[PDB]
Protein chains: 2
Amino acid sequence: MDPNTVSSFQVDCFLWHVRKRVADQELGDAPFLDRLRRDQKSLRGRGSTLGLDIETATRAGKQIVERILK
Amino acid sequence: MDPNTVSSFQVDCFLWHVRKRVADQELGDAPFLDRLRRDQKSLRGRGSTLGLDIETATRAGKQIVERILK
RNA sequence: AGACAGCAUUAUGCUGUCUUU
RNA sequence: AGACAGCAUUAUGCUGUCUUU
């Protein structure tokens with residue numbers, strides 16, 4: 001696998017999860033929710049193409065984000 | 001200000017900053033960088049429409065996300 | 001009715017990953 | 001050449017915010 005393809009997928013998965021939690025807390029406006037829906041479909045297609053699992057990639061993206069924010 | 005319009009802007013600003021830091025660490029693929037550029041333009045337009053500053057909104061988004069992830 | 005951003009559907013151009021004799 | 005996702009430009013439909021008769 002191309003390293004940056006995988007890391008970008010992982011980060012994108014984690015950031016989608018963050019956005020979902022924001023939406024769950026009733027903080028999203030209608031466009032924010034529209035983007036959440038579009039991006040869920042996008043990540044599903046990307047995940048399938050890569051043979052990777054979004055839930056697993058989410059944990060990896062969390063690790064990456066935690067590293068770069070310290 | 002519509003509450004969810006402002007919170008969505010703040011979260012989006014913070015998540016853009018996170019993606020920029022990911023890019024700076026050479027972890028982004030070309031599409032990831034393409035979206036970073038598009039979303040920068042989008043946030044500038046949204047910020048201008050709202051009369052808000054992206055840098056200040058980034059800090060608010062950080063607080064929101066930290067609260068959400070606790 | 002205007003400004004801004006997005007989403008959906010279409011077109012055209014392009015980028016990336018992977019497969020491909 | 002195929003699959004997937006995106007970006008750019010353009011068309012149409014729509015959503016939200018704000019402004020405005």
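Note on naming: letters A, B, ... go to the chains in the order of the sequence lines (proteins, then strands), and numbering restarts at 1 for each one. These values consider heavy atoms only, across backbone and side chains, with no hydrogens, waters or symmetry-generated copies.
One hydrophobic cluster, built from ILVMFWY side chains closer than 4.5 Å, holds both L33(B) and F14(A).
For the pair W16(A) CH2 and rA5(D) P, the interatomic distance rounds to 16 Å; values are reported in whole Å. The interatomic distance linking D2(A) (CG) with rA5(D) (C1') rounds to 14 Å, in whole Å. Between the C1' atom of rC18(C) and the CZ atom of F9(A) lies a distance of 14 Å, rounded to the nearest Å. Straight-line distance from the CG atom of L15(A) to the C1' atom of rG6(D): 16 Å, rounded to whole Å. Rounding to whole angstrom units, CE of residue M1(B) and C1' of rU19(D) are separated by 13 Å.
For the P atoms, the distance linking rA5(D) with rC7(C) amounts to 15 Å, nearest Å.
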Base-pairing string, 5' to 3', of RNA chain C - Watson-Crick or wobble, under 3.5 Å, | interstrand: |||||||||.|||||||||..

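One finds the CD atom of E66(A) at 11.0 Å from the CD1 atom of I64(A) (value rounded to the nearest 0.5 Å). Once rounded to the nearest 0.5 Å, the distance linking CG of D39(B) with NZ of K20(B) reads 14.0 Å. Taken from OG in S42(B) to CH2 in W16(B), the straight-line distance is 11.5 Å, to the nearest 0.5 Å.
Identified under the salt bridge (charged side-chain N to carboxylate O under 4.0 Å, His left out) test for residues 53-64 of chain B, with sequence neighbours left out: none.
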Derivation of the side chain to side chain contact (heavy atoms under 4.5 Å, CB included) call for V11(A) and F32(B): CA-CA 10 Å; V11(A) 170; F32(B) 182 94; 4.1 Å; yes

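Using a 4.0 Å cut-off between charged nitrogen and carboxylate oxygen, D34(B) and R38(B) do not count as a salt-bridge pair.
For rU21(D), the glycosidic angle deviates from 0 by 90° or less, giving a syn base.
At distances below 3.5 Å, not a single donor-acceptor pair connects side-chain atoms of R19(B) with backbone N or O atoms of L15(A).
Within residues 20-57 of chain B, the residues approaching RNA chain C are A30(B), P31(B), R38(B), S42(B), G45(B), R46(B), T49(B), by heavy-atom distance under 4.0 Å.
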